[PDB]
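Working notes, structure below.
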Amino acid sequence: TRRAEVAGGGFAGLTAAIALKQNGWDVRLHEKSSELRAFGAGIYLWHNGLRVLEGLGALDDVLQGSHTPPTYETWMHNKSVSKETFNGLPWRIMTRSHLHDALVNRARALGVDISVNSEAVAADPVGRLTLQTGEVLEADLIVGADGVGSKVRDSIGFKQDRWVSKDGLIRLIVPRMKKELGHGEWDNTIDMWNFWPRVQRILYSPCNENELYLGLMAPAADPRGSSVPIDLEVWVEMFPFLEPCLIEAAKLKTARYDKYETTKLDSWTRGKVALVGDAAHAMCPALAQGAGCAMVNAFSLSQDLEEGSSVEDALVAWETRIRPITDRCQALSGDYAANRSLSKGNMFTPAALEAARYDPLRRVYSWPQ
Ligand SMILES: Cc1cc2nc3c(=O)[nH]c(=O)nc-3n(C[C@H](O)[C@H](O)[C@H](O)COP(=O)(O)OP(=O)(O)OC[C@H]3O[C@@H](n4cnc5c(N)ncnc54)[C@H](O)[C@@H]3O)c2cc1C
Ligand SMILES: Cc1ncc(C(=O)O)cc1O
């Protein structure tokens, strides 16, 4: 009976744990936090990620209570510039905790051993995981899913391309306030861009009949637009049609202005150690594939470990097989971000939807564009 130690309780670690447990592995997941939770307010999942949920036996709990907008619409200075539906390509919007809970309940129903207040501080390719307390654990597989700043990764030393975004955003969950919004298509995802009179953007994303996921984006150099709690006035001014929701968002005293970083490594494996999720490939959010690829990769890792080969060879086989999809997605998303391509609309092209089109279960590309 094989034993795996997963460091990190995020979407990647939870995905890895569940997939491994389903294949007969004895698995223990380590979460440094005192409780299992997810941050970031809301999240978009596509066909590729939805398929992972199916393979994990956690799709039903996710679909129930999540939302698929009639269309993905883009605005530039309040003028609708595009409405995209991706030719039937499945996608979904939900609060992060809704997705996190589905994964945690499944992990528990499976008998995955989850340890809170357990922080991994080092990993040995020979198959050993060291915790912050000094306690050393041995296993046949060590999974580094501890996000950006991954101690598992840095304890081993990987060649890393790092970049940090100077600009960030404020992500919040507020009431739909649908009736107060009056006439409109308020069930759609609406990416509201603006460069004049100021650079302010709001990604409007309904999660269900009760919750709305908002992303208020302004330059870090904007003292008003980047402030938290939100400077109500500055947002209502350029997004008056959302005052009802903005008024509610202004009451959230814990809102935060988050920046992000991207990560590209020369490799994702070392001996019996495999890096997954942000720890291995954090990317720009343009294509909304950060978690999608993380879940695909974590799930794919379990598949390669079912070939009858050594864990070491399975890991290199895993990277070689699945990595290209993430590299291209990460590269394209970076290009979109730098050129602000999404502001033009109709940018979810076949190339952009490549990762989303991938079906990890059958290991083929579906929903052609
Ligand atoms: C602004 C923004 C918007 C985004 N929108 C989307 C989207 O719409 N759709 C999408 O798919 N992706 C999106 N992403 C990307 C997505 O958030 C990430 O790819 C994903 O959540 C991270 O996966 P993870 O589980 O590896 O990381 P984490 O999310 O942080 O995994 C690590 C977890 O392990 C714990 N941990 C950390 N260190 C240790 C340690 N040393 N020992 C034990 N535990 C530890 C932490 O508590 C943490 O929760 C977005 C990213 C940004 C920045
Ligand atoms: C879902 C999503 N899409 C695009 C961005 C971006 O910052 O360009 C952020 C998102 O959460």
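A note on labels: chains of the structure tokens are A, B, ... as shown, every chain counts residues from 1, and ligands are counted from 1 in their shown order.
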Could the residues that lie within 6 Å of ligand 1, counting only C-alpha atoms and all ligand atoms, be listed as a PDB file with N, CA, C and O atoms, in the first residue's frame?
ATOM      1  N   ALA A   7       1.459  18.468   0.839  1.00  0.00           N
ATOM      2  CA  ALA A   7       1.653  19.715   1.569  1.00  0.00           C
ATOM      3  C   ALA A   7       0.844  20.835   0.908  1.00  0.00           C
ATOM      4  O   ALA A   7       1.177  21.284  -0.197  1.00  0.00           O
ATOM      5  N   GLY A   8      -0.219  21.274   1.578  1.00  0.00           N
ATOM      6  CA  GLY A   8      -1.045  22.344   1.044  1.00  0.00           C
ATOM      7  C   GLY A   8      -2.508  21.960   0.957  1.00  0.00           C
ATOM      8  O   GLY A   8      -2.847  20.932   0.367  1.00  0.00           O
ATOM      9  N   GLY A   9      -3.378  22.784   1.536  1.00  0.00           N
ATOM     10  CA  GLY A   9      -4.801  22.489   1.514  1.00  0.00           C
ATOM     11  C   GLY A   9      -5.612  23.302   0.523  1.00  0.00           C
ATOM     12  O   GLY A   9      -6.810  23.504   0.717  1.00  0.00           O
ATOM     13  N   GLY A  10      -4.962  23.769  -0.539  1.00  0.00           N
ATOM     14  CA  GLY A  10      -5.658  24.548  -1.545  1.00  0.00           C
ATOM     15  C   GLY A  10      -6.340  23.645  -2.555  1.00  0.00           C
ATOM     16  O   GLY A  10      -6.477  22.445  -2.333  1.00  0.00           O
ATOM     17  N   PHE A  11      -6.768  24.207  -3.678  1.00  0.00           N
ATOM     18  CA  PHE A  11      -7.446  23.403  -4.687  1.00  0.00           C
ATOM     19  C   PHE A  11      -6.543  22.322  -5.271  1.00  0.00           C
ATOM     20  O   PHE A  11      -7.008  21.226  -5.597  1.00  0.00           O
ATOM     21  N   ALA A  12      -5.252  22.619  -5.387  1.00  0.00           N
ATOM     22  CA  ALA A  12      -4.302  21.655  -5.936  1.00  0.00           C
ATOM     23  C   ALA A  12      -4.077  20.482  -4.986  1.00  0.00           C
ATOM     24  O   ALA A  12      -4.160  19.318  -5.389  1.00  0.00           O
ATOM     25  N   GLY A  13      -3.801  20.792  -3.723  1.00  0.00           N
ATOM     26  CA  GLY A  13      -3.572  19.750  -2.736  1.00  0.00           C
ATOM     27  C   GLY A  13      -4.799  18.882  -2.522  1.00  0.00           C
ATOM     28  O   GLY A  13      -4.693  17.656  -2.443  1.00  0.00           O
ATOM     29  N   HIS A  30      -1.540  18.114   4.556  1.00  0.00           N
ATOM     30  CA  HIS A  30      -1.094  19.072   5.560  1.00  0.00           C
ATOM     31  C   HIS A  30      -1.496  20.495   5.196  1.00  0.00           C
ATOM     32  O   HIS A  30      -1.179  20.974   4.110  1.00  0.00           O
ATOM     33  N   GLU A  31      -2.190  21.162   6.110  1.00  0.00           N
ATOM     34  CA  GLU A  31      -2.614  22.543   5.913  1.00  0.00           C
ATOM     35  C   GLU A  31      -2.063  23.350   7.087  1.00  0.00           C
ATOM     36  O   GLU A  31      -2.434  23.108   8.235  1.00  0.00           O
ATOM     37  N   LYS A  32      -1.173  24.300   6.796  1.00  0.00           N
ATOM     38  CA  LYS A  32      -0.555  25.110   7.842  1.00  0.00           C
ATOM     39  C   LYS A  32      -1.551  25.971   8.611  1.00  0.00           C
ATOM     40  O   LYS A  32      -1.311  26.325   9.763  1.00  0.00           O
ATOM     41  N   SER A  33      -2.669  26.308   7.981  1.00  0.00           N
ATOM     42  CA  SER A  33      -3.675  27.126   8.640  1.00  0.00           C
ATOM     43  C   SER A  33      -4.394  26.315   9.719  1.00  0.00           C
ATOM     44  O   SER A  33      -4.358  25.086   9.703  1.00  0.00           O
ATOM     45  N   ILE A  43     -14.473  32.399  -8.098  1.00  0.00           N
ATOM     46  CA  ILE A  43     -13.614  31.719  -9.054  1.00  0.00           C
ATOM     47  C   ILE A  43     -14.371  31.153 -10.254  1.00  0.00           C
ATOM     48  O   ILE A  43     -15.520  30.728 -10.136  1.00  0.00           O
ATOM     49  N   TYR A  44     -13.706  31.173 -11.406  1.00  0.00           N
ATOM     50  CA  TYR A  44     -14.250  30.660 -12.663  1.00  0.00           C
ATOM     51  C   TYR A  44     -13.642  29.288 -12.911  1.00  0.00           C
ATOM     52  O   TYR A  44     -12.433  29.091 -12.740  1.00  0.00           O
ATOM     53  N   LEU A  45     -14.473  28.348 -13.335  1.00  0.00           N
ATOM     54  CA  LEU A  45     -14.012  27.010 -13.638  1.00  0.00           C
ATOM     55  C   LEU A  45     -14.538  26.712 -15.041  1.00  0.00           C
ATOM     56  O   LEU A  45     -15.641  27.127 -15.391  1.00  0.00           O
ATOM     57  N   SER A 118      -0.502  22.148  10.397  1.00  0.00           N
ATOM     58  CA  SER A 118       0.621  21.329   9.966  1.00  0.00           C
ATOM     59  C   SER A 118       1.295  22.026   8.785  1.00  0.00           C
ATOM     60  O   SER A 118       0.775  22.030   7.669  1.00  0.00           O
ATOM     61  N   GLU A 119       2.457  22.622   9.039  1.00  0.00           N
ATOM     62  CA  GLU A 119       3.188  23.357   8.010  1.00  0.00           C
ATOM     63  C   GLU A 119       4.432  22.640   7.509  1.00  0.00           C
ATOM     64  O   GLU A 119       5.352  22.377   8.278  1.00  0.00           O
ATOM     65  N   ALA A 120       4.461  22.328   6.215  1.00  0.00           N
ATOM     66  CA  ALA A 120       5.616  21.664   5.626  1.00  0.00           C
ATOM     67  C   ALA A 120       6.679  22.734   5.438  1.00  0.00           C
ATOM     68  O   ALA A 120       6.384  23.835   4.974  1.00  0.00           O
ATOM     69  N   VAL A 121       7.914  22.410   5.797  1.00  0.00           N
ATOM     70  CA  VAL A 121       9.002  23.363   5.690  1.00  0.00           C
ATOM     71  C   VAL A 121      10.135  22.834   4.823  1.00  0.00           C
ATOM     72  O   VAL A 121      11.018  23.587   4.406  1.00  0.00           O
ATOM     73  N   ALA A 145       2.070  21.221  -2.869  1.00  0.00           N
ATOM     74  CA  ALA A 145       0.934  22.011  -3.332  1.00  0.00           C
ATOM     75  C   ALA A 145       0.725  23.147  -2.334  1.00  0.00           C
ATOM     76  O   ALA A 145      -0.408  23.491  -1.987  1.00  0.00           O
ATOM     77  N   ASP A 146       1.826  23.733  -1.880  1.00  0.00           N
ATOM     78  CA  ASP A 146       1.756  24.805  -0.894  1.00  0.00           C
ATOM     79  C   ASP A 146       1.748  26.239  -1.436  1.00  0.00           C
ATOM     80  O   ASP A 146       2.113  27.171  -0.731  1.00  0.00           O
ATOM     81  N   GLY A 147       1.315  26.398  -2.687  1.00  0.00           N
ATOM     82  CA  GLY A 147       1.202  27.712  -3.307  1.00  0.00           C
ATOM     83  C   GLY A 147       2.469  28.494  -3.589  1.00  0.00           C
ATOM     84  O   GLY A 147       3.582  27.975  -3.457  1.00  0.00           O
ATOM     85  N   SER A 150       6.175  28.542  -2.054  1.00  0.00           N
ATOM     86  CA  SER A 150       6.292  27.138  -1.665  1.00  0.00           C
ATOM     87  C   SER A 150       7.610  26.770  -0.981  1.00  0.00           C
ATOM     88  O   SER A 150       8.680  26.840  -1.593  1.00  0.00           O
ATOM     89  N   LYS A 151       7.526  26.370   0.288  1.00  0.00           N
ATOM     90  CA  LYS A 151       8.708  25.966   1.050  1.00  0.00           C
ATOM     91  C   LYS A 151       9.205  24.614   0.558  1.00  0.00           C
ATOM     92  O   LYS A 151      10.394  24.318   0.629  1.00  0.00           O
ATOM     93  N   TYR A 260      -0.316  39.949  -7.573  1.00  0.00           N
ATOM     94  CA  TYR A 260      -0.036  38.544  -7.806  1.00  0.00           C
ATOM     95  C   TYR A 260       1.318  38.355  -8.454  1.00  0.00           C
ATOM     96  O   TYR A 260       1.945  39.320  -8.882  1.00  0.00           O
ATOM     97  N   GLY A 277       0.110  23.020  -8.906  1.00  0.00           N
ATOM     98  CA  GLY A 277      -0.559  24.278  -8.630  1.00  0.00           C
ATOM     99  C   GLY A 277       0.351  25.490  -8.705  1.00  0.00           C
ATOM    100  O   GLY A 277       1.350  25.490  -9.431  1.00  0.00           O
ATOM    101  N   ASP A 278       0.003  26.525  -7.943  1.00  0.00           N
ATOM    102  CA  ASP A 278       0.768  27.762  -7.917  1.00  0.00           C
ATOM    103  C   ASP A 278       2.249  27.573  -7.593  1.00  0.00           C
ATOM    104  O   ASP A 278       3.102  28.301  -8.104  1.00  0.00           O
ATOM    105  N   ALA A 279       2.551  26.605  -6.736  1.00  0.00           N
ATOM    106  CA  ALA A 279       3.932  26.333  -6.350  1.00  0.00           C
ATOM    107  C   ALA A 279       4.789  26.039  -7.581  1.00  0.00           C
ATOM    108  O   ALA A 279       5.996  26.296  -7.593  1.00  0.00           O
ATOM    109  N   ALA A 282       2.225  29.317 -11.048  1.00  0.00           N
ATOM    110  CA  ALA A 282       1.342  30.465 -10.856  1.00  0.00           C
ATOM    111  C   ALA A 282       1.405  31.288 -12.148  1.00  0.00           C
ATOM    112  O   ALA A 282       2.486  31.473 -12.711  1.00  0.00           O
ATOM    113  N   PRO A 285      -3.954  35.918 -14.330  1.00  0.00           N
ATOM    114  CA  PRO A 285      -5.379  35.571 -14.311  1.00  0.00           C
ATOM    115  C   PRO A 285      -6.223  35.826 -15.557  1.00  0.00           C
ATOM    116  O   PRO A 285      -7.398  35.470 -15.579  1.00  0.00           O
ATOM    117  N   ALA A 288      -8.254  32.933 -16.700  1.00  0.00           N
ATOM    118  CA  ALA A 288      -8.968  32.252 -15.619  1.00  0.00           C
ATOM    119  C   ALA A 288      -8.699  30.754 -15.653  1.00  0.00           C
ATOM    120  O   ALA A 288      -9.628  29.942 -15.632  1.00  0.00           O
ATOM    121  N   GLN A 289      -7.417  30.402 -15.691  1.00  0.00           N
ATOM    122  CA  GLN A 289      -6.986  29.011 -15.748  1.00  0.00           C
ATOM    123  C   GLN A 289      -6.001  28.630 -14.651  1.00  0.00           C
ATOM    124  O   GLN A 289      -5.461  27.526 -14.655  1.00  0.00           O
ATOM    125  N   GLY A 290      -5.760  29.537 -13.717  1.00  0.00           N
ATOM    126  CA  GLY A 290      -4.826  29.233 -12.649  1.00  0.00           C
ATOM    127  C   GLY A 290      -5.173  27.943 -11.926  1.00  0.00           C
ATOM    128  O   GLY A 290      -4.353  27.023 -11.843  1.00  0.00           O
ATOM    129  N   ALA A 291      -6.390  27.872 -11.398  1.00  0.00           N
ATOM    130  CA  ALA A 291      -6.837  26.691 -10.673  1.00  0.00           C
ATOM    131  C   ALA A 291      -7.176  25.553 -11.633  1.00  0.00           C
ATOM    132  O   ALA A 291      -7.010  24.372 -11.303  1.00  0.00           O
ATOM    133  N   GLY A 292      -7.656  25.917 -12.821  1.00  0.00           N
ATOM    134  CA  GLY A 292      -8.014  24.921 -13.812  1.00  0.00           C
ATOM    135  C   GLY A 292      -6.831  24.032 -14.121  1.00  0.00           C
ATOM    136  O   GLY A 292      -6.923  22.809 -14.040  1.00  0.00           O
ATOM    137  N   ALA A 294      -4.090  23.805 -12.383  1.00  0.00           N
ATOM    138  CA  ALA A 294      -3.631  23.189 -11.141  1.00  0.00           C
ATOM    139  C   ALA A 294      -4.378  21.890 -10.885  1.00  0.00           C
ATOM    140  O   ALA A 294      -3.775  20.865 -10.574  1.00  0.00           O
TER     141      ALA A 294
END
Could you produce a table of the residues of chain A lying within 8 Å of ligand 2, with the nearest pair of atoms per residue and their separation in Å rounded to one decimal, using only C-alpha atoms and all ligand atoms, ordered by chain and increasing residue number, as a tab-separated table?
residue	atom	partner	partner_atom_place_in_ligand_line	distance
A:42	CA	ligand 2	11 (O)	7.9
A:43	CA	ligand 2	1 (C)	6.7
A:44	CA	ligand 2	1 (C)	5.6
A:169	CA	ligand 2	7 (O)	7.9
A:203	CA	ligand 2	10 (C)	7.2
A:215	CA	ligand 2	11 (O)	6.9
A:217	CA	ligand 2	7 (O)	7.8
A:284	CA	ligand 2	7 (O)	7.2
A:285	CA	ligand 2	5 (C)	4.5
A:286	CA	ligand 2	8 (O)	3.6
A:287	CA	ligand 2	3 (N)	5.6
A:288	CA	ligand 2	1 (C)	4.4
A:336	CA	ligand 2	8 (O)	7.8
A:337	CA	ligand 2	8 (O)	6.1
A:340	CA	ligand 2	8 (O)	7.7
A:342	CA	ligand 2	8 (O)	7.0
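Shortest atom-to-atom contact with residue 257 of chain A among A:216, A:274, A:137, A:280: A:216, counting only C-alpha atoms.
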Exercise for the section: Find the residues around segment 160-166 of chain A up to 10 Å (only C-alpha atoms counted), leave out those fewer than 5 positions away in its own chain, and share them as number ranges by chain. Expected result: A: 154, 219-221, 258-267, 280-284, 337
Exercise for the section: Run DSSP on the backbone of this structure and report the residues of segment 4-66 of chain A it assigns to strand (DSSP E or B), as a list in words. Expected result: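 Matching residues for strand (DSSP E or B) in segment 4-66 of chain A are residues 4, 5, 6, 7, 26, 27, 28, 29, 30, 31, 42, 43, 44, 45 and 46 of chain A.
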Write the selection just made, keeping N, CA, C and O atoms, as a compact mmCIF listing (two decimals), in the first residue's frame?
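Below is the file that was written, selection_20.txt:
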# COMPACT_ATOMS: atom_id res chain seq x y z
N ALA A 4 1.23 8.70 0.45
CA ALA A 4 1.53 10.03 -0.05
C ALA A 4 1.33 11.09 1.00
O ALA A 4 0.41 11.01 1.83
N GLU A 5 2.21 12.09 0.98
CA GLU A 5 2.13 13.22 1.89
C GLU A 5 1.92 14.45 1.01
O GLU A 5 2.77 14.77 0.17
N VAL A 6 0.79 15.11 1.18
CA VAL A 6 0.47 16.30 0.40
C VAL A 6 0.60 17.55 1.26
O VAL A 6 -0.07 17.67 2.28
N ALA A 7 1.46 18.47 0.84
CA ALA A 7 1.65 19.71 1.57
C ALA A 7 0.84 20.84 0.91
O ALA A 7 1.18 21.28 -0.20
N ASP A 26 -2.71 5.72 0.56
CA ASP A 26 -3.02 6.15 1.91
C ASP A 26 -2.50 7.58 1.82
O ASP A 26 -1.32 7.79 1.51
N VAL A 27 -3.36 8.56 2.07
CA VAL A 27 -2.95 9.94 1.94
C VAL A 27 -3.18 10.84 3.14
O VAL A 27 -4.23 10.78 3.78
N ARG A 28 -2.20 11.67 3.44
CA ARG A 28 -2.34 12.63 4.52
C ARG A 28 -2.07 14.00 3.92
O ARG A 28 -1.05 14.20 3.24
N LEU A 29 -2.98 14.93 4.16
CA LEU A 29 -2.82 16.28 3.65
C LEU A 29 -2.49 17.22 4.80
O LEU A 29 -3.08 17.12 5.87
N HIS A 30 -1.54 18.11 4.56
CA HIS A 30 -1.09 19.07 5.56
C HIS A 30 -1.50 20.50 5.20
O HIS A 30 -1.18 20.97 4.11
N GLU A 31 -2.19 21.16 6.11
CA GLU A 31 -2.61 22.54 5.91
C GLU A 31 -2.06 23.35 7.09
O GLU A 31 -2.43 23.11 8.23
N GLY A 42 -14.29 34.78 -5.30
CA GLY A 42 -14.93 33.95 -6.30
C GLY A 42 -13.97 33.31 -7.27
O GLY A 42 -12.78 33.62 -7.27
N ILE A 43 -14.47 32.40 -8.10
CA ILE A 43 -13.61 31.72 -9.05
C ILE A 43 -14.37 31.15 -10.25
O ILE A 43 -15.52 30.73 -10.14
N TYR A 44 -13.71 31.17 -11.41
CA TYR A 44 -14.25 30.66 -12.66
C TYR A 44 -13.64 29.29 -12.91
O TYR A 44 -12.43 29.09 -12.74
N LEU A 45 -14.47 28.35 -13.34
CA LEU A 45 -14.01 27.01 -13.64
C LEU A 45 -14.54 26.71 -15.04
O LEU A 45 -15.64 27.13 -15.39
N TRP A 46 -13.75 26.02 -15.85
CA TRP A 46 -14.18 25.68 -17.21
C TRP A 46 -14.28 24.18 -17.36
O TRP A 46 -14.06 23.43 -16.41
Handout entry: Shell of 6 Å around segment 138-141 of chain A, only C-alpha atoms, local chain residues under 4 positions omitted, as number ranges by chain
Key = A: 3-4, 127-128, 272
Okay, now the selection with N, CA and C atoms, as a PDB file, in the first residue's frame?
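What ended up in again_23.pdb:
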ATOM      1  N   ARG A   3       1.977   5.257   0.132  1.00  0.00           N
ATOM      2  CA  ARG A   3       1.696   6.388   1.014  1.00  0.00           C
ATOM      3  C   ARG A   3       2.137   7.729   0.442  1.00  0.00           C
ATOM      4  N   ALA A   4       1.228   8.699   0.455  1.00  0.00           N
ATOM      5  CA  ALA A   4       1.535  10.025  -0.053  1.00  0.00           C
ATOM      6  C   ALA A   4       1.330  11.095   1.005  1.00  0.00           C
ATOM      7  N   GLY A 127      12.020  10.984  -0.500  1.00  0.00           N
ATOM      8  CA  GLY A 127      10.696  10.667  -0.001  1.00  0.00           C
ATOM      9  C   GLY A 127      10.487  11.004   1.462  1.00  0.00           C
ATOM     10  N   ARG A 128      10.821  12.227   1.850  1.00  0.00           N
ATOM     11  CA  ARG A 128      10.644  12.644   3.231  1.00  0.00           C
ATOM     12  C   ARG A 128      10.150  14.082   3.283  1.00  0.00           C
ATOM     13  N   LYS A 272      11.007  11.661  -5.616  1.00  0.00           N
ATOM     14  CA  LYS A 272       9.624  11.328  -5.300  1.00  0.00           C
ATOM     15  C   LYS A 272       8.807  12.573  -4.967  1.00  0.00           C
TER      16      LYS A 272
END
Fill in the blank from the handout: Shortest contact to residue 357 of chain A, candidates A:228, A:89, A:202, A:94, atoms counted only C-alpha atoms, goes to A:89
Problem - Residue set, segment 177-349 of chain A restricted to alpha helix (DSSP H), as a ChimeraX atom specification - result: /A:232-238,243-249,278-281,290-304,311-338
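The nearest approach to residue 205 of chain A among the residues A:256, A:37, A:92, A:21, with only C-alpha atoms taken into account, belongs to A:92.
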Exercise for the section: Identify which of the residues A:110, A:273, A:95, A:295 lies closest to residue 129 of chain A, counting only C-alpha atoms when measuring atom-to-atom distances. Expected result: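 Among A:110, A:273, A:95, A:295, it is A:273 that comes nearest to residue 129 of chain A.
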Problem - Non-local contacts of segment 315-328 of chain A (8 Å; only C-alpha atoms; under 5 positions in same chain excluded) as an MDAnalysis selection string - result: chainID A and resid 267:269 272 274 281 293 297 300:301 304:305 354:355
Problem - Interatomic distance (Å, one decimal) between atom CA of residue 296 of chain A and atom CA of residue 17 of chain A - result: 13.1 Å
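Considering the residues A:122, A:232, A:99, A:252 and counting only C-alpha atoms, residue 143 of chain A has its shortest atom-to-atom contact with A:122.
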Practice task
Find the residue from A:40, A:149, A:144, A:334 that sits nearest to residue 96 of chain A; use only C-alpha atoms when measuring.
Solution key: A:40
